[PDB]
Amino acid sequence: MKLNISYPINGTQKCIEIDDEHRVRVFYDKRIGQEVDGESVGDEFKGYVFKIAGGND
Amino acid sequence: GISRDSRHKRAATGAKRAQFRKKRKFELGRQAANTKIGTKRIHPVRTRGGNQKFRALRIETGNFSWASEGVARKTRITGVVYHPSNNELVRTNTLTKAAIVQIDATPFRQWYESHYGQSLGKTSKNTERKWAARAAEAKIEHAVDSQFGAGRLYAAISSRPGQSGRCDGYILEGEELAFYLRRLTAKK
Amino acid sequence: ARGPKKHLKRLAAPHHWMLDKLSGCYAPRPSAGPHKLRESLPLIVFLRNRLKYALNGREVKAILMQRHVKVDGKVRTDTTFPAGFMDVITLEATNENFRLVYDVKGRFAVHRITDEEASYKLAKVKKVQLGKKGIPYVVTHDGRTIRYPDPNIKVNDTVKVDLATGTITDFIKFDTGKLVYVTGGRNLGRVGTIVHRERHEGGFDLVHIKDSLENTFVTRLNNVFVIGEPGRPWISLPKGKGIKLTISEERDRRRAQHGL
RNA sequence: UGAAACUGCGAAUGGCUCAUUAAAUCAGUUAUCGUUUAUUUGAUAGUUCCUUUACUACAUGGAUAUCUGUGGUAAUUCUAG
RNA sequence: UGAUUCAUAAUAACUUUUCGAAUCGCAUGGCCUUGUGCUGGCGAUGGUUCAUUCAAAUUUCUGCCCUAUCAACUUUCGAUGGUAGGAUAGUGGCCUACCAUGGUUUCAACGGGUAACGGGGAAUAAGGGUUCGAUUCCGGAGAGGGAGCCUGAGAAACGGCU
RNA sequence: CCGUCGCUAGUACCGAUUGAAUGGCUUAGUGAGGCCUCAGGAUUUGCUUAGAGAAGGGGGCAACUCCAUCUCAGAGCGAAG
Ligand SMILES: [Mg+2]
Ligand SMILES: [Mg+2]
Ligand SMILES: [Mg+2]
Ligand SMILES: [Mg+2]
Ligand SMILES: [Mg+2]
Ligand SMILES: [Mg+2]
Ligand SMILES: [Mg+2]
Ligand SMILES: [Mg+2]
Ligand SMILES: [Mg+2]
Ligand SMILES: [Mg+2]
Ligand SMILES: [Mg+2]
Ligand SMILES: [Mg+2]
Ligand SMILES: [Mg+2]
Ligand SMILES: [Mg+2]
């Protein structure tokens, strides 16, 4: 589904709509307040590090 | 919820007073504190007119006072020795007002060693004179001495720790003390 | 109900306002001040119904804002500030200095007082206690608390307060044969001498008081205020001078004095 | 000058209605030496130090909202980063 | 003070040491040890217990409509009192423990009914009365019912919540 | 003029239905929800001198003529939660 990605220092952030389910499947059964890698999330993100905090059902 | 209404309480005669109005806040009474002795804990409660009202919880320590000497100290409590309202407060060991307790006593001893300096249980030249001037004033009523020796002074706590927060009390002397001792003996 | 009441309905409004039964739902609730609700007088009632310097509430408010009004030295801006018995209202434009003093009937008379007298305030003694740091202080039934009063200033005495400074000029001891002014009920507004003091343990000290006409009356002690020594009152009292005539007498006075 | 928002205070007044409620409410009458009381006007705090030969003051700290941005939801005076 | 263990002031300690202006608008004075030095006005708000005022809970005394086809009731499950505690802003069986057996009643207790919220008052109107009072004022209750609580000086709030 | 027995209407009375309904009390069992309470510790940080890369990281090679220094592995000690 959608993702809600934001960079701190630059102050620049974006919509990343994800219909492909495999990509989504990285975050399943994690909890708010954890770390994530870039490469498994998608092909556009590689080398990056997400920090999982916040979401919505 | 827990109220202090005379609305309920049937009547002087007996007629069942019907529930006139839903009970008010100004009529309220809070849940009991029943402070034990096991780590120092306090929670305030915002009362009527604001006004915080410290509830002792598991209170250790408190300034228990002499009468004869006219003193009190940063002194620890040991246990609830005899509470004259209810003995359930001795099993559970819930410290309260006018419950008889045993006092750490070391602090008291130390103070005495400064005050008179003759020791209970069994330097410098002008201070000697002072010492001489003092002492042989209070001989102490035997039981108290024994308690001191033990490390466990018999007091009755007289601060209400559920209201005040502090657990300050009174070293027992004379007739009342004797009575308390007797009661304790009877119990045991 | 549920806390402090904030309105005053116009019928429930105290009668010595002399308000209209009609002309609005409410009356001005005199706010928290130095005088008791019913024994007070708000600055609306004074500047609208009595003086008529303001045609309405808004006008009164405006006047207050302008700050020509001064009730007892200080300025005031509150429409419903309870200016009570003995309070000195000075309007600086006009120079119409007033002291709030009662009429023989009971209602507050508009006493157009001089500038030299409107300067001090005579005030009663409610208490004599000591506060913190062992300092003796007197309290007045007319608002103030004054630290350090002459040791022989006891309860129910009267005290000339300098007002500007808020100190003590002088005092009168409450006793037999000393001019007294009445502030309670059926005798409210009269003036007399003091004859007796029925002691009574707890239940209200009475005072048998005769006026200039040798007409006796009785009041409770709390309802009496010591105004001077017989002949020399410390304040200028209004026309009538606390006599309070009989009804017939009053009628006669009215219908004798026809001067067109 | 000032939207917004945090702080303040207000929302316990007023208005309505008479269901309960029969020594209860209520009326006058007392008392609080039996108490709380924002507001009110009056009052008012050299002692915070902790041995006393080199120490925070002409101004101490990091947050959070507006915003701006990344959003979810079929919806709600919804609010996550 | 009618009256106190009152006001209040000392001695003794404790204290998860409250408070003790790192606050905003105008105005911009006084001495030179000539530094930008030390100093000082008109106000706002806070903040301590004591006053006061607005109030607040209780509380004294006396007073309610019909009913005996309600004569006993209260007291296991607080009734009455005591002692102690707990709680409360505080008094108090308000609650707890232990003990005593009280407490009310034909001067109608208790129960039942009210098409009863109380009073000011209203109608009638010789005197005495009789009936009515939901309703402009004062009190009291309630916010569909019953419960519980947050915030707050003040609510057991319902144009607050559970 | 009084009763019984007739006819036509209506009022109440008793009355099986294991009647039905509403409310008030109420046994036993359950028991929502808050308040306190025993813990519990998502998170937020201060102070520790705890080693940096820092280009005068305190007024000129140097424990910077080392600055609330560049700032995270500290970890200890808290406070709120
Ligand atoms: Mg207060
Ligand atoms: Mg009295
Ligand atoms: Mg109302
Ligand atoms: Mg005292
Ligand atoms: Mg008691
Ligand atoms: Mg009636
Ligand atoms: Mg009714
Ligand atoms: Mg009525
Ligand atoms: Mg009705
Ligand atoms: Mg009403
Ligand atoms: Mg309805
Ligand atoms: Mg409610
Ligand atoms: Mg509504
Ligand atoms: Mg309302």
# chains A, B, ... in the order shown; residues from 1 in each chain; ligands from 1
$ closest_atom_pairs --of "chain E" --to "ligand 7" --cutoff "9 Å" --atoms "only C-alpha atoms (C1' of nucleotides) and all ligand atoms" --output "CSV"
residue,atom,partner,partner_atom_place_in_ligand_line,distance
E:114,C1',ligand 7,1 (Mg),8.5
E:116,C1',ligand 7,1 (Mg),5.8
E:117,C1',ligand 7,1 (Mg),6.7
$ write_last_selection --atoms "C-alpha atoms (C1' of nucleotides)" --output "PDB file, in the first residue's frame"
ATOM      1  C1'   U E 114     -50.218  11.307  47.730  1.00  0.00           C
ATOM      2  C1'   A E 116     -46.890  16.087  47.426  1.00  0.00           C
ATOM      3  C1'   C E 117     -40.881  19.510  45.273  1.00  0.00           C
TER       4        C E 117
END
$ residues_around --residues "residue 38 (chain A)" --least-positions-apart "4" --cutoff "9 Å" --atoms "only C-alpha atoms (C1' of nucleotides)" --output "ChimeraX atom specification"
/A:42-50
$ interface_residues --of "chain A" --to "chain F" --cutoff "12 Å" --atoms "only C-alpha atoms (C1' of nucleotides)" --output "list in words"
residues 31, 32 and 33 of chain A
$ residues_near_ligand --ligand "ligand 1" --cutoff "9 Å" --atoms "only C-alpha atoms (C1' of nucleotides) and all ligand atoms" --output "list in words"
residues 49, 50 and 51 of chain B; 36, 37 and 38 of chain D; 153 of chain E
$ write_last_selection --atoms "N, CA, C and O atoms (P, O5', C5', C4', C3', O3' and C1' of nucleotides)" --output "PDB file, in the first residue's frame"
ATOM      1  N   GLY B  49     -10.298  22.506  48.124  1.00  0.00           N
ATOM      2  CA  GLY B  49      -9.506  23.735  48.058  1.00  0.00           C
ATOM      3  C   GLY B  49      -8.133  23.568  47.430  1.00  0.00           C
ATOM      4  O   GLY B  49      -7.218  24.334  47.736  1.00  0.00           O
ATOM      5  N   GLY B  50      -7.993  22.592  46.535  1.00  0.00           N
ATOM      6  CA  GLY B  50      -6.678  22.148  46.080  1.00  0.00           C
ATOM      7  C   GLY B  50      -6.000  21.405  47.219  1.00  0.00           C
ATOM      8  O   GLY B  50      -6.431  20.313  47.580  1.00  0.00           O
ATOM      9  N   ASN B  51      -4.948  22.006  47.782  1.00  0.00           N
ATOM     10  CA  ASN B  51      -4.320  21.549  49.035  1.00  0.00           C
ATOM     11  C   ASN B  51      -3.876  20.082  49.044  1.00  0.00           C
ATOM     12  O   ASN B  51      -4.659  19.195  49.389  1.00  0.00           O
TER      13      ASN B  51
ATOM     14  P     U D  36      -9.641  24.422  56.962  1.00  0.00           P
ATOM     15  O5'   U D  36      -9.871  24.818  55.435  1.00  0.00           O
ATOM     16  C5'   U D  36      -9.457  23.942  54.370  1.00  0.00           C
ATOM     17  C4'   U D  36     -10.415  24.019  53.202  1.00  0.00           C
ATOM     18  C3'   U D  36     -10.433  25.328  52.429  1.00  0.00           C
ATOM     19  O3'   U D  36      -9.360  25.385  51.492  1.00  0.00           O
ATOM     20  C1'   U D  36     -12.655  24.620  52.848  1.00  0.00           C
ATOM     21  P     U D  37      -8.539  26.748  51.274  1.00  0.00           P
ATOM     22  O5'   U D  37      -9.615  27.719  50.616  1.00  0.00           O
ATOM     23  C5'   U D  37     -10.237  27.402  49.356  1.00  0.00           C
ATOM     24  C4'   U D  37     -11.458  28.263  49.135  1.00  0.00           C
ATOM     25  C3'   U D  37     -11.258  29.766  49.257  1.00  0.00           C
ATOM     26  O3'   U D  37     -10.732  30.315  48.053  1.00  0.00           O
ATOM     27  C1'   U D  37     -13.202  29.124  50.448  1.00  0.00           C
ATOM     28  P     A D  38      -9.242  30.899  48.018  1.00  0.00           P
ATOM     29  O5'   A D  38      -9.005  31.186  46.469  1.00  0.00           O
ATOM     30  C5'   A D  38      -8.042  30.440  45.696  1.00  0.00           C
ATOM     31  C4'   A D  38      -8.296  30.616  44.217  1.00  0.00           C
ATOM     32  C3'   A D  38      -8.425  32.058  43.735  1.00  0.00           C
ATOM     33  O3'   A D  38      -7.157  32.608  43.394  1.00  0.00           O
ATOM     34  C1'   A D  38     -10.256  30.793  42.936  1.00  0.00           C
TER      35        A D  38
ATOM     36  P     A E 153      -7.558  25.218  41.204  1.00  0.00           P
ATOM     37  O5'   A E 153      -8.604  25.071  42.395  1.00  0.00           O
ATOM     38  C5'   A E 153      -8.210  25.266  43.763  1.00  0.00           C
ATOM     39  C4'   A E 153      -9.393  25.702  44.593  1.00  0.00           C
ATOM     40  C3'   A E 153     -10.700  24.947  44.368  1.00  0.00           C
ATOM     41  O3'   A E 153     -10.690  23.701  45.059  1.00  0.00           O
ATOM     42  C1'   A E 153     -11.123  27.274  44.403  1.00  0.00           C
TER      43        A E 153
END
$ interface_residues --of "chain C" --to "chain E" --cutoff "10 Å" --atoms "only C-alpha atoms (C1' of nucleotides)" --output "MDAnalysis selection string"
chainID C and resid 1:6 9:13 25 30:37 82 127:146 199:203
